[PDB]
């Protein structure tokens, strides 16, 4: 039973989104019945370049100067966004225990929290808590793949905007 959620990424249809979905299938989906290892894609030279480009487009109407999330999953997503062409965006990392925020300053800034894929939503909310605790303002949460697990709804239930590039249909699942 899936909790199907809106994939705002469907509106960015085009060559780059299809190329990424094909990479995610080839790198990350192993046919349990199957399992998914997104880190193979977020740490791949071409999939990561597409992730940075597409996650900027996905969030082009949101105001933020810094991007980051909970280690380890968020980290290559945030750095792909920082490195992608466009306006200057800096990065941070939230540690899982401990200064929980490393990297660029988030105090007084508008921040995008990212994940590769949210499992329960807790990881995103943990990053949000950390940012808000030091005076950052979270504009929303963006992910690469939404897996219809209920995490989206759990995030939105706490007042946060949520968007993803790809959904379960894009994984061939």
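Numbering follows the first chain given and starts at 1.
Student: Which fits the stretch between residue 31 and residue 32: none, 1 to 3, 4 to 9, or 10 or more deposited residues lacking coordinates?
Tutor: Gap size class: 10 or more residues without coordinates, per the record.
Student: Unmodelled residues of the deposited sequence between residue 72 and residue 73: none, 1 to 3, 4 to 9, or 10 or more?
Tutor: Missing residues, residue 72 to residue 73: none.
Student: Do the CA atoms of 53-61 or those of 22-30 have the higher mean B-factor in the entry?
Tutor: Per the PDB entry, the higher value belongs to 22-30.
Student: Is the mean CA B factor in the deposited entry higher across 6-14 or across 150-158?
Tutor: Result: 6-14.
Student: Which one of 78, 84, 89, 98 shows the top CA temperature factor in the record?
Tutor: Of 78, 84, 89, 98, 98 has the highest C-alpha B-factor.
Student: Rank-wise, by C-alpha B-factor, drop residue 104 into the lowest, middle or highest third of its chain.
Tutor: Middle third.
Student: Please say which third, lowest, middle or highest, residue 36 falls into when its CA temperature factor is compared across its chain.
Tutor: According to the entry, residue 36 has a C-alpha B-factor in the chain's highest third.
Student: Considering only modelled residues of the same chain, in which third does the CA B-factor of residue 111 rank: lowest, middle or highest?
Tutor: Middle third of the chain for residue 111's C-alpha B-factor.
Student: Quick check for you: using the entry's CA B-factors within this chain, is residue 43 in the lowest, middle or highest third?
Tutor: Lowest third, going by the recorded CA B-factors of the chain.
Student: Rank-wise, by C-alpha B-factor, drop residue 143 into the lowest, middle or highest third of its chain.
Tutor: Answer is lowest: the recorded C-alpha B-factor places it there.
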